[PDB]
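A.B. asks: need a structure here:
(one chain, ligands or ions: 11)
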Amino acid sequence: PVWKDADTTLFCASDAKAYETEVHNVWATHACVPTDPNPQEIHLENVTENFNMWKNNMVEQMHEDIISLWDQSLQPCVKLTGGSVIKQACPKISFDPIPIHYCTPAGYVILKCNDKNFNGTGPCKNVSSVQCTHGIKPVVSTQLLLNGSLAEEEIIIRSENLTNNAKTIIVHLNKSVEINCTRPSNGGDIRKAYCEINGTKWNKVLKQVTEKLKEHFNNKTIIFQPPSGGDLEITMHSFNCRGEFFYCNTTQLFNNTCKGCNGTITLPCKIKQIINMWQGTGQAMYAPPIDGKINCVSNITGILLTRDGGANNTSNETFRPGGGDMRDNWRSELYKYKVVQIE
Ligand SMILES: NCC(=O)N1CCN(C(=O)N2C[C@H](CO)C[C@H](C(=O)Nc3ccc(Cl)c(F)c3)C2)CC1
Ligand SMILES: *[C@@H]1O[C@H](CO)[C@@H](O)[C@H](O)[C@H]1NC(C)=O
Ligand SMILES: *[C@@H]1O[C@H](CO)[C@@H](O)[C@H](O)[C@H]1NC(C)=O
Ligand SMILES: *[C@@H]1O[C@H](CO)[C@@H](O)[C@H](O)[C@H]1NC(C)=O
Ligand SMILES: *[C@@H]1O[C@H](CO)[C@@H](O)[C@H](O)[C@H]1NC(C)=O
Ligand SMILES: *[C@@H]1O[C@H](CO)[C@@H](O)[C@H](O)[C@H]1NC(C)=O
Ligand SMILES: *[C@@H]1O[C@H](CO)[C@@H](O)[C@H](O)[C@H]1NC(C)=O
Ligand SMILES: *[C@@H]1O[C@H](CO)[C@@H](O)[C@H](O)[C@H]1NC(C)=O
Ligand SMILES: *[C@@H]1O[C@H](CO)[C@@H](O)[C@H](O)[C@H]1NC(C)=O
Ligand SMILES: *[C@@H]1O[C@H](CO)[C@@H](O)[C@H](O)[C@H]1NC(C)=O
Ligand SMILES: *[C@@H]1O[C@H](CO)[C@@H](O)[C@H](O)[C@H]1NC(C)=O
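C.D. replies: Numbers count the residues shown, from 1 in each chain. Ligands and ions are numbered 1, 2, ... in the order given. I have put the structure below:
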């Protein structure tokens, strides 16, 4: 059985619950099938295959799915896509992502790279074939990748072209770092929140990230700086928790000084009603946050970085956190997968 590289229309599988009102469950109930009860990958003996996580149509297909899911599930009170102003009801929803499997139709298979040091591009020497990917949670965020999978050996640097500073860098961690975010109790500032992180763990992992980046940039000095301009979605770590949009200041995470800084790091945050959408250009206005304690505990599993340009003539490389193109979030999980057509 031989194959060739090809794109095709995939379908999706999930474990959505019948009567759950959570928006991810409802969308999967009507747009996905139940997950494969007996999956078994086929190892391809002595096969080496090339992959390119930055040129992978699975990413675009997942992007279209998550756009469609958010479009049917989140209802803003006011939607402003340039000039036009749509007003409607904005009930609060139940929101928590569930795993989605992407699967091939007849005549196609997914090749899976099992190399534990695979960086996302180039050859792979331990290859298997599957009918479906694993369950991928579609977490929308900027700056930090949340609730993903971990690199199995070392910290992995991913980029389409590291020399080109316009190309985003995905840092894939091998040890997750918890981020615990709370909008407490109540009143009438209901938007003020905070995220707590173990500073010992975070600064240890950041140290390891800098050393790994030194390996790629001629043992140069590595400097982290906060973003340099942009809207709040770019300059802040943005994510959705229980349907509410949190914006968190990550200045204390990207400080090169760390000494007397081994305690809990408290990130100031705020819940925003007016957000610049990631699906398409436009603003959306939601209703004020629900009452009660709003809390999310997540795993930081990767970091999105942009390297500063114009530093060739210096001894430093400066890196800033940088989300915005949600495709890279899906890429960080689909990197090991590629679709081929069974000849
Ligand atoms: N047309 C194809 C395309 O690629 N895009 C369409 C338009 N986009 C955009 O304008 N921005 C800029 C905007 C700031 O100005 C922030 C956008 C963004 O990340 N928002 C965002 C919202 C909520 C959450 Cl929870 C989140 F984590 C992120 C990217 C998205 C990119
Ligand atoms: C290939 O990958 C598998 C995981 O699917 C794992 O046992 C190991 O990393 C490799 N095994 C062999 C026999 O090469
Ligand atoms: C990934 O590995 C390939 C070798 O297969 C190499 O050519 C490429 O530059 C690597 N990229 C990074 C970011 O390490
Ligand atoms: C967080 O990470 C731990 C180990 O790193 C893992 O066991 C746990 O399932 C992760 N939590 C989530 C929500 O993925
Ligand atoms: C993670 O990777 C780094 C190298 O980048 C290594 O020093 C460290 O020991 C690894 N941690 C684990 C838990 O494997
Ligand atoms: C990578 O980027 C650098 C700088 O933009 C460029 O000189 C080089 O040709 C690029 N390599 C590829 C394969 O595009
Ligand atoms: C998260 O933080 C809240 C308040 O700061 C605390 O009550 C809760 O126990 C924390 N949970 C974890 C898992 O750290
Ligand atoms: C913080 O991280 C360190 C090292 O990972 C760990 O020993 C400690 O239990 C964690 N929690 C606190 C409260 O220090
Ligand atoms: C984050 O906090 C620092 C001070 O703690 C402040 O200077 C900075 O403006 C804040 N970030 C944003 C995007 O407002
Ligand atoms: C990460 O997973 C935990 C457990 O499933 C969940 O409570 C949390 O809300 C998730 N975080 C995000 C940002 O989806
Ligand atoms: C900066 O780096 C790029 C890619 O490595 C190179 O093409 C360019 O000549 C360098 N310096 C300047 C001043 O352009």
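
A.B. asks: Could you list the buried residues of stretch 315-331?
C.D. replies: 317-324, 326-331 (16 or more other C-beta atoms under 10 Å). Just so you know, the C-beta spots here come from the backbone N, C-alpha and C atoms, and that holds for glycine as well.

A.B. asks: Please read the previous query as pertaining to stretch 263-274.
C.D. replies: Buried, per 16+ other C-beta under 10 Å, within stretch 263-274: 265, 267, 269, 270, 271, 272, 273.

A.B. asks: May I have the beta-bridge partners of the second one?
C.D. replies: This points to residue 267. Beta-bridge pairing for residue 267 (DSSP bridges): residue 195.

A.B. asks: which residues touch it?
C.D. replies: The contact partners of residue 267, by C-beta atoms under 8 Å, 6 or more residues apart in numbering, come to 179, 181, 194, 195, 196, 197, 237, 248, 249, 250, 252, 253.

A.B. asks: sorry, back to before: of all the buried residues of stretch 263-274, which comes closest to residue 284?
C.D. replies: Nearest to residue 284 out of the buried residues of stretch 263-274 is residue 273 (C-beta to C-beta; 9.0 Å).

A.B. asks: How about the contacts made by that closest one?
C.D. replies: Going by C-beta under 8 Å, 6+ apart, residue 273 touches 245, 285, 286, 287, 288.

A.B. asks: Just the contacts of residue 267: which are in strands?
C.D. replies: 179, 181, 194, 195, 196, 197, 237, 248 (DSSP state E).

A.B. asks: what about the third one, how many neighbours?
C.D. replies: By the other C-beta atoms under 10 Å criterion, the neighbourhood of residue 194 contains 17 residues.

A.B. asks: quick one: it and residue 268 touch, right?
C.D. replies: Yes: with contact defined as C-beta atoms under 8 Å, residue 194 reaches residue 268; the gap is 5.9 Å.

A.B. asks: what residues does the stretch 101-250 of the chain put near ligand 10?
C.D. replies: Residues of the stretch 101-250 of the chain that fall close to ligand 10, judged by C-beta under 6 Å from any ligand atom: 139, 146, 147, 239, 241.

A.B. asks: Compare these and tell me which has the most neighbours.
C.D. replies: These, ranked by neighbours (other C-beta under 10 Å): first place residue 239, 25 neighbours.

A.B. asks: name the element the residue of the chain found nearest ligand 3 belongs to?
C.D. replies: The nearest approach of the chain to ligand 3 comes at residue 122, 2.7 Å away (C-beta to the nearest ligand atom). Assigned by DSSP states H and E, residue 122 belongs to strand 121-124.

A.B. asks: For that strand, what is the distance to the chain centroid?
C.D. replies: Computed by C-alpha atoms, centre = their mean, to the nearest Å, the chain-centroid distance of strand 121-124 equals 22 Å.

A.B. asks: same thing with stretch 57-77?
C.D. replies: On C-alpha atoms, centre = their mean, the centre of stretch 57-77 falls 14 Å from that of its chain.

A.B. asks: which residues of the stretch 201-343 of the chain fall in helices?
C.D. replies: Using DSSP state H, counting those that start in this stretch, the helices of the stretch 201-343 of the chain run over 232-235, 327-334.

A.B. asks: tell me which residues in the shortest one are buried?
C.D. replies: Okay, so that is helix 232-235. Within helix 232-235, judged by 16+ other C-beta under 10 Å, the buried ones are 232, 233, 234, 235.

A.B. asks: Show me what the very next helix or strand once past the strand holding residue 122 packs onto, helices and strands only.
C.D. replies: Once the chain leaves strand 121-124, the next helix or strand it forms, by DSSP H and E, is strand 127-130. Judged by 3 or more C-beta pairs under 8 Å, 6 or more residues apart in numbering; DSSP states H and E, the packing partners of strand 127-130 are strand 42-43, strand 108-113.

A.B. asks: now those as CSV including mean neighbour count?
C.D. replies: Formatted as CSV, these follow (neighbours: other C-beta atoms under 10 Å):
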stretch, mean neighbour count
strand 42-43, 12
strand 108-113, 21
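
A.B. asks: any chance of those in a markdown table, with distance to residue 1 too?
C.D. replies: Shown next, in a markdown table, are the helices and strands packed on strand 127-130 (distance: least, C-beta to C-beta, whole Å):
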| stretch | distance to residue 1 |
| --- | --- |
| strand 42-43 | 10 |
| strand 108-113 | 9 |
